[PDB]
Number of protein chains: 2
Amino acid sequence: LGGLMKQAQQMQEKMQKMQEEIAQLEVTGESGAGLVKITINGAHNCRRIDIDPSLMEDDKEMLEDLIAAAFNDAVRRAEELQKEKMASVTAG
Amino acid sequence: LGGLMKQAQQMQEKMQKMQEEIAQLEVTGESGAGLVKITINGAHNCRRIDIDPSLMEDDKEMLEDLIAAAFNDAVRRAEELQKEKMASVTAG
(Lines give C-alpha, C1' and ligand atoms only; values in the text may rest on other atoms or scores of the structure.)
Protein backbone atom coordinates (compact mmCIF):
# COMPACT_ATOMS: atom_id res chain seq x y z
CA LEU A 1 0.00 0.00 0.00
CA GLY A 2 2.16 2.91 1.19
CA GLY A 3 1.89 3.90 4.84
CA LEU A 4 -0.92 5.51 6.88
CA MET A 5 -0.53 9.16 5.77
CA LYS A 6 -0.58 8.02 2.11
CA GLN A 7 -3.70 5.81 2.71
CA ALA A 8 -5.32 8.75 4.49
CA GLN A 9 -4.37 11.02 1.53
CA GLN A 10 -5.95 8.77 -0.93
CA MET A 11 -9.13 8.31 1.06
CA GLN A 12 -9.51 12.08 0.96
CA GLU A 13 -8.89 12.29 -2.80
CA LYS A 14 -11.22 9.35 -3.54
CA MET A 15 -13.88 10.80 -1.32
CA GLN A 16 -13.61 14.11 -3.24
CA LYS A 17 -13.66 12.24 -6.55
CA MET A 18 -16.93 10.43 -5.54
CA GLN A 19 -18.54 13.75 -4.49
CA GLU A 20 -17.73 15.27 -7.91
CA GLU A 21 -19.13 12.17 -9.64
CA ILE A 22 -22.32 12.36 -7.62
CA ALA A 23 -22.55 16.06 -8.51
CA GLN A 24 -22.61 15.14 -12.25
CA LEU A 25 -26.04 13.46 -12.01
CA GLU A 26 -29.10 15.37 -13.02
CA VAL A 27 -32.44 16.11 -11.35
CA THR A 28 -35.47 17.76 -12.96
CA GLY A 29 -37.38 20.18 -10.81
CA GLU A 30 -40.84 21.34 -11.74
CA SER A 31 -43.57 23.82 -10.89
CA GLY A 32 -47.28 23.91 -11.88
CA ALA A 33 -47.67 20.16 -12.02
CA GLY A 34 -45.11 20.04 -14.92
CA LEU A 35 -45.96 23.39 -16.49
CA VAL A 36 -42.24 24.23 -16.16
CA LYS A 37 -39.57 21.51 -15.85
CA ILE A 38 -35.94 22.48 -15.29
CA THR A 39 -32.97 20.12 -15.38
CA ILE A 40 -29.83 20.82 -13.38
CA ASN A 41 -26.87 18.81 -12.07
CA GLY A 42 -25.19 18.81 -8.58
CA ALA A 43 -23.06 21.86 -9.38
CA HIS A 44 -26.43 23.54 -10.22
CA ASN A 45 -25.63 23.90 -13.92
CA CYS A 46 -28.93 24.31 -15.81
CA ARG A 47 -28.96 21.84 -18.70
CA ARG A 48 -32.45 22.22 -20.17
CA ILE A 49 -35.70 24.03 -19.50
CA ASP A 50 -39.08 22.96 -20.86
CA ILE A 51 -41.78 25.62 -20.80
CA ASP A 52 -45.36 24.58 -21.60
CA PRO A 53 -46.46 26.42 -24.80
CA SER A 54 -49.59 27.67 -22.93
CA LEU A 55 -47.44 29.90 -20.73
CA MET A 56 -46.08 31.85 -23.76
CA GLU A 57 -49.44 33.55 -24.05
CA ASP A 58 -50.18 35.26 -20.80
CA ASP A 59 -48.71 37.60 -18.20
CA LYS A 60 -44.99 37.21 -18.31
CA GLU A 61 -45.20 37.70 -14.54
CA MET A 62 -46.80 34.21 -14.13
CA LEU A 63 -44.14 32.51 -16.32
CA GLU A 64 -41.38 34.18 -14.32
CA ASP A 65 -42.99 32.99 -11.09
CA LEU A 66 -43.27 29.41 -12.39
CA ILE A 67 -39.65 29.40 -13.66
CA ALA A 68 -38.34 30.61 -10.34
CA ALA A 69 -40.44 27.93 -8.52
CA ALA A 70 -39.13 25.19 -10.89
CA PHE A 71 -35.51 26.16 -10.28
CA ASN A 72 -35.98 26.16 -6.49
CA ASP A 73 -37.62 22.75 -6.73
CA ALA A 74 -34.67 21.44 -8.85
CA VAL A 75 -32.20 22.83 -6.34
CA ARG A 76 -33.96 21.05 -3.37
CA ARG A 77 -34.08 17.79 -5.35
CA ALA A 78 -30.39 18.16 -6.27
CA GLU A 79 -29.52 18.68 -2.58
CA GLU A 80 -31.56 15.67 -1.51
CA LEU A 81 -29.83 13.54 -4.19
CA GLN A 82 -26.27 14.55 -3.01
CA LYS A 83 -27.16 13.48 0.50
CA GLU A 84 -28.99 10.31 -0.46
CA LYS A 85 -26.42 9.03 -3.00
CA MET A 86 -23.49 9.76 -0.65
CA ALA A 87 -25.19 7.93 2.24
CA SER A 88 -25.84 5.05 -0.18
CA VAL A 89 -22.33 4.86 -1.53
CA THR A 90 -20.89 4.87 2.01
CA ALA A 91 -22.63 1.58 2.80
CA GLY A 92 -21.92 1.85 6.49
CA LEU B 1 -12.54 33.56 27.60
CA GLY B 2 -12.85 29.81 28.27
CA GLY B 3 -9.91 27.62 27.29
CA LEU B 4 -8.45 26.62 23.90
CA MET B 5 -10.99 23.94 22.84
CA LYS B 6 -13.84 26.38 23.60
CA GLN B 7 -12.10 29.22 21.62
CA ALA B 8 -11.53 26.75 18.78
CA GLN B 9 -15.24 25.73 18.98
CA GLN B 10 -16.39 29.21 18.69
CA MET B 11 -14.10 30.07 15.81
CA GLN B 12 -15.69 27.19 13.93
CA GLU B 13 -19.26 28.31 14.74
CA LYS B 14 -18.50 31.96 13.91
CA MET B 15 -16.83 30.95 10.69
CA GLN B 16 -19.95 28.93 9.76
CA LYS B 17 -22.19 31.83 10.77
CA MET B 18 -20.22 34.23 8.46
CA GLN B 19 -20.47 31.75 5.54
CA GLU B 20 -24.27 31.59 5.96
CA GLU B 21 -24.45 35.39 6.11
CA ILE B 22 -22.39 35.71 2.95
CA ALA B 23 -24.69 33.16 1.31
CA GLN B 24 -27.70 35.46 1.98
CA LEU B 25 -26.47 38.14 -0.48
CA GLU B 26 -27.88 38.24 -3.95
CA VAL B 27 -26.36 38.31 -7.43
CA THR B 28 -28.20 38.86 -10.72
CA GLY B 29 -27.05 36.79 -13.63
CA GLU B 30 -28.05 37.64 -17.17
CA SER B 31 -28.03 36.38 -20.74
CA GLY B 32 -28.62 38.23 -24.05
CA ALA B 33 -27.17 41.50 -22.86
CA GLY B 34 -29.99 41.75 -20.22
CA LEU B 35 -32.71 40.01 -22.22
CA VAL B 36 -33.11 37.67 -19.22
CA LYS B 37 -31.97 38.66 -15.71
CA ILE B 38 -32.20 36.16 -12.86
CA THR B 39 -31.60 36.91 -9.19
CA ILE B 40 -30.36 34.24 -6.81
CA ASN B 41 -28.64 34.13 -3.42
CA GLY B 42 -25.63 32.02 -2.20
CA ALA B 43 -27.80 28.98 -1.45
CA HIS B 44 -28.92 29.34 -5.12
CA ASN B 45 -32.51 30.23 -4.21
CA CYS B 46 -34.08 32.02 -7.21
CA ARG B 47 -35.69 35.23 -5.96
CA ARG B 48 -36.86 36.94 -9.15
CA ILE B 49 -36.68 36.52 -12.90
CA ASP B 50 -37.16 39.34 -15.41
CA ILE B 51 -37.93 38.25 -18.96
CA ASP B 52 -37.89 40.88 -21.72
CA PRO B 53 -41.45 41.14 -23.18
CA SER B 54 -39.96 40.64 -26.70
CA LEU B 55 -39.08 37.03 -25.86
CA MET B 56 -42.76 36.13 -25.15
CA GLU B 57 -43.40 36.23 -28.87
CA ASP B 58 -41.07 33.81 -30.54
CA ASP B 59 -39.80 30.24 -30.39
CA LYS B 60 -40.10 29.08 -26.84
CA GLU B 61 -36.86 27.22 -27.57
CA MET B 62 -34.91 30.55 -27.63
CA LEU B 63 -36.46 31.75 -24.33
CA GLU B 64 -35.59 28.44 -22.68
CA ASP B 65 -32.02 28.75 -23.95
CA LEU B 66 -31.71 32.31 -22.62
CA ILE B 67 -33.20 31.37 -19.22
CA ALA B 68 -30.80 28.48 -18.82
CA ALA B 69 -27.85 30.78 -19.79
CA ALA B 70 -29.01 33.45 -17.27
CA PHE B 71 -29.20 30.94 -14.43
CA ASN B 72 -25.71 29.57 -15.20
CA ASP B 73 -24.38 33.12 -15.27
CA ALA B 74 -26.05 33.85 -11.86
CA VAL B 75 -24.57 30.68 -10.41
CA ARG B 76 -20.99 31.64 -11.55
CA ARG B 77 -21.44 35.16 -10.15
CA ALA B 78 -22.77 33.73 -6.87
CA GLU B 79 -19.72 31.43 -6.62
CA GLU B 80 -17.33 34.28 -7.34
CA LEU B 81 -19.05 36.42 -4.65
CA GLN B 82 -18.72 33.65 -1.94
CA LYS B 83 -15.02 33.45 -2.62
CA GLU B 84 -14.42 37.18 -2.89
CA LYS B 85 -16.45 38.21 0.19
CA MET B 86 -14.89 35.46 2.34
CA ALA B 87 -11.36 36.46 1.28
CA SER B 88 -12.32 40.07 2.08
CA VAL B 89 -13.80 39.34 5.48
CA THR B 90 -10.72 37.30 6.46
CA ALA B 91 -8.50 40.36 6.15
CA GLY B 92 -5.32 38.34 6.36
# chains A, B, ... in the order shown; residues from 1 in each chain; ligands from 1

call {"tool": "closest_atom_pairs", "arguments": {"of": "chain A", "to": "chain B", "cutoff": "7 Å", "atoms": "only C-alpha atoms", "output": "JSON lines"}}
result
{"residue": "A:45", "atom": "CA", "partner": "B:72", "partner_atom": "CA", "distance": 5.8}
{"residue": "A:46", "atom": "CA", "partner": "B:68", "partner_atom": "CA", "distance": 5.5}
{"residue": "A:47", "atom": "CA", "partner": "B:68", "partner_atom": "CA", "distance": 6.9}
{"residue": "A:48", "atom": "CA", "partner": "B:68", "partner_atom": "CA", "distance": 6.6}
{"residue": "A:49", "atom": "CA", "partner": "B:64", "partner_atom": "CA", "distance": 5.4}
{"residue": "A:50", "atom": "CA", "partner": "B:64", "partner_atom": "CA", "distance": 6.7}
{"residue": "A:56", "atom": "CA", "partner": "B:56", "partner_atom": "CA", "distance": 5.6}
{"residue": "A:64", "atom": "CA", "partner": "B:49", "partner_atom": "CA", "distance": 5.4}
{"residue": "A:68", "atom": "CA", "partner": "B:46", "partner_atom": "CA", "distance": 5.5}
{"residue": "A:71", "atom": "CA", "partner": "B:46", "partner_atom": "CA", "distance": 6.8}
{"residue": "A:72", "atom": "CA", "partner": "B:45", "partner_atom": "CA", "distance": 5.8}

call {"tool": "select_by_dssp", "arguments": {"residues": "chain B", "states": "strand (DSSP E or B)", "output": "PDB file with N, CA and C atoms, in the first residue's frame"}}
result
ATOM      1  N   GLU B  26     -27.409  38.539  -2.639  1.00  0.00           N
ATOM      2  CA  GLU B  26     -27.885  38.237  -3.947  1.00  0.00           C
ATOM      3  C   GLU B  26     -26.992  38.677  -5.100  1.00  0.00           C
ATOM      4  N   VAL B  27     -27.062  37.932  -6.199  1.00  0.00           N
ATOM      5  CA  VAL B  27     -26.357  38.315  -7.434  1.00  0.00           C
ATOM      6  C   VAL B  27     -27.422  38.208  -8.540  1.00  0.00           C
ATOM      7  N   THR B  28     -27.239  38.954  -9.619  1.00  0.00           N
ATOM      8  CA  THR B  28     -28.198  38.861 -10.717  1.00  0.00           C
ATOM      9  C   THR B  28     -27.462  38.450 -11.953  1.00  0.00           C
ATOM     10  N   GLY B  29     -27.711  37.243 -12.408  1.00  0.00           N
ATOM     11  CA  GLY B  29     -27.055  36.795 -13.629  1.00  0.00           C
ATOM     12  C   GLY B  29     -27.895  37.248 -14.809  1.00  0.00           C
ATOM     13  N   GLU B  30     -27.281  37.237 -15.988  1.00  0.00           N
ATOM     14  CA  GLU B  30     -28.050  37.639 -17.166  1.00  0.00           C
ATOM     15  C   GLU B  30     -27.578  36.937 -18.412  1.00  0.00           C
ATOM     16  N   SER B  31     -28.427  36.919 -19.433  1.00  0.00           N
ATOM     17  CA  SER B  31     -28.034  36.382 -20.738  1.00  0.00           C
ATOM     18  C   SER B  31     -28.622  37.376 -21.794  1.00  0.00           C
ATOM     19  N   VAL B  36     -32.622  38.452 -20.373  1.00  0.00           N
ATOM     20  CA  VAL B  36     -33.110  37.670 -19.222  1.00  0.00           C
ATOM     21  C   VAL B  36     -32.170  38.009 -18.063  1.00  0.00           C
ATOM     22  N   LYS B  37     -32.759  38.352 -16.913  1.00  0.00           N
ATOM     23  CA  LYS B  37     -31.966  38.663 -15.714  1.00  0.00           C
ATOM     24  C   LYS B  37     -32.560  37.764 -14.611  1.00  0.00           C
ATOM     25  N   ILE B  38     -31.694  37.056 -13.911  1.00  0.00           N
ATOM     26  CA  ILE B  38     -32.198  36.162 -12.860  1.00  0.00           C
ATOM     27  C   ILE B  38     -31.462  36.450 -11.562  1.00  0.00           C
ATOM     28  N   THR B  39     -32.217  36.607 -10.480  1.00  0.00           N
ATOM     29  CA  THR B  39     -31.596  36.909  -9.191  1.00  0.00           C
ATOM     30  C   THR B  39     -31.657  35.737  -8.254  1.00  0.00           C
ATOM     31  N   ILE B  40     -30.477  35.358  -7.736  1.00  0.00           N
ATOM     32  CA  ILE B  40     -30.363  34.242  -6.809  1.00  0.00           C
ATOM     33  C   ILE B  40     -29.460  34.634  -5.643  1.00  0.00           C
ATOM     34  N   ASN B  41     -29.559  33.891  -4.556  1.00  0.00           N
ATOM     35  CA  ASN B  41     -28.639  34.133  -3.422  1.00  0.00           C
ATOM     36  C   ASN B  41     -27.550  33.023  -3.398  1.00  0.00           C
ATOM     37  N   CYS B  46     -33.709  31.096  -6.153  1.00  0.00           N
ATOM     38  CA  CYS B  46     -34.084  32.021  -7.209  1.00  0.00           C
ATOM     39  C   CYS B  46     -35.132  32.938  -6.611  1.00  0.00           C
ATOM     40  N   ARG B  47     -34.803  34.216  -6.542  1.00  0.00           N
ATOM     41  CA  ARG B  47     -35.690  35.231  -5.955  1.00  0.00           C
ATOM     42  C   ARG B  47     -36.600  35.930  -6.957  1.00  0.00           C
ATOM     43  N   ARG B  48     -36.064  36.299  -8.117  1.00  0.00           N
ATOM     44  CA  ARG B  48     -36.856  36.943  -9.152  1.00  0.00           C
ATOM     45  C   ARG B  48     -36.236  36.703 -10.521  1.00  0.00           C
ATOM     46  N   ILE B  49     -37.088  36.754 -11.533  1.00  0.00           N
ATOM     47  CA  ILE B  49     -36.677  36.523 -12.902  1.00  0.00           C
ATOM     48  C   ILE B  49     -37.338  37.638 -13.711  1.00  0.00           C
ATOM     49  N   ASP B  50     -36.586  38.257 -14.599  1.00  0.00           N
ATOM     50  CA  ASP B  50     -37.157  39.337 -15.412  1.00  0.00           C
ATOM     51  C   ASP B  50     -36.870  38.995 -16.871  1.00  0.00           C
ATOM     52  N   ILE B  51     -37.942  38.626 -17.548  1.00  0.00           N
ATOM     53  CA  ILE B  51     -37.928  38.246 -18.958  1.00  0.00           C
ATOM     54  C   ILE B  51     -38.394  39.423 -19.831  1.00  0.00           C
TER      55      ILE B  51
END

call {"tool": "atom_distance", "arguments": {"atom1": "CA of residue 6 in chain B", "atom2": "CA of residue 5 in chain A"}}
result
28.1 Å

call {"tool": "closest_residue", "arguments": {"among": "A:17, A:34, A:42, A:24", "to": "residue 54 in chain A", "atoms": "only C-alpha atoms"}}
result
A:34

call {"tool": "residues_around", "arguments": {"residues": "range 81-86 of chain B", "least_positions_apart": "4", "cutoff": "9 Å", "atoms": "only C-alpha atoms", "output": "short mmCIF file (atom, residue, chain, number, x, y, z; two decimals) with N, CA and C atoms, in the first residue's frame"}}
result
data_model
loop_
_atom_site.label_atom_id
_atom_site.label_comp_id
_atom_site.auth_asym_id
_atom_site.auth_seq_id
_atom_site.Cartn_x
_atom_site.Cartn_y
_atom_site.Cartn_z
N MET B 18 -20.62 33.25 9.49
CA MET B 18 -20.22 34.23 8.46
C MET B 18 -20.46 33.65 7.04
N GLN B 19 -20.18 32.37 6.84
CA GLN B 19 -20.47 31.75 5.54
C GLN B 19 -21.96 31.79 5.20
N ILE B 22 -22.84 35.47 4.31
CA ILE B 22 -22.39 35.71 2.95
C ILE B 22 -23.35 35.10 1.90
N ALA B 23 -23.79 33.86 2.19
CA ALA B 23 -24.69 33.16 1.31
C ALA B 23 -26.07 33.80 1.24
N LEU B 25 -26.53 37.05 0.51
CA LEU B 25 -26.47 38.14 -0.48
C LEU B 25 -26.91 37.62 -1.83
N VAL B 27 -27.06 37.93 -6.20
CA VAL B 27 -26.36 38.31 -7.43
C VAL B 27 -27.42 38.21 -8.54
N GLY B 42 -26.73 32.99 -2.34
CA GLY B 42 -25.63 32.02 -2.20
C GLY B 42 -25.97 30.53 -2.12
N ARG B 76 -22.42 31.30 -11.50
CA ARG B 76 -20.99 31.64 -11.55
C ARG B 76 -20.72 32.93 -10.76
N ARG B 77 -21.60 33.91 -10.89
CA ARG B 77 -21.44 35.16 -10.15
C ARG B 77 -21.62 34.90 -8.66
N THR B 90 -11.90 37.80 5.74
CA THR B 90 -10.72 37.30 6.46
C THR B 90 -9.44 38.08 6.12
N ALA B 91 -9.54 39.38 6.37
CA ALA B 91 -8.50 40.36 6.15
C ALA B 91 -7.17 39.89 6.64
#

call {"tool": "atom_distance", "arguments": {"atom1": "CA of residue 33 in chain A", "atom2": "CA of residue 78 in chain A"}}
result
18.3 Å

call {"tool": "select_by_dssp", "arguments": {"residues": "chain B", "states": "alpha helix (DSSP H)", "output": "PyMOL selection string"}}
result
chain B and resi 4-22+60-89

call {"tool": "atom_distance", "arguments": {"atom1": "CA of residue 14 in chain A", "atom2": "CA of residue 79 in chain A"}}
result
20.6 Å
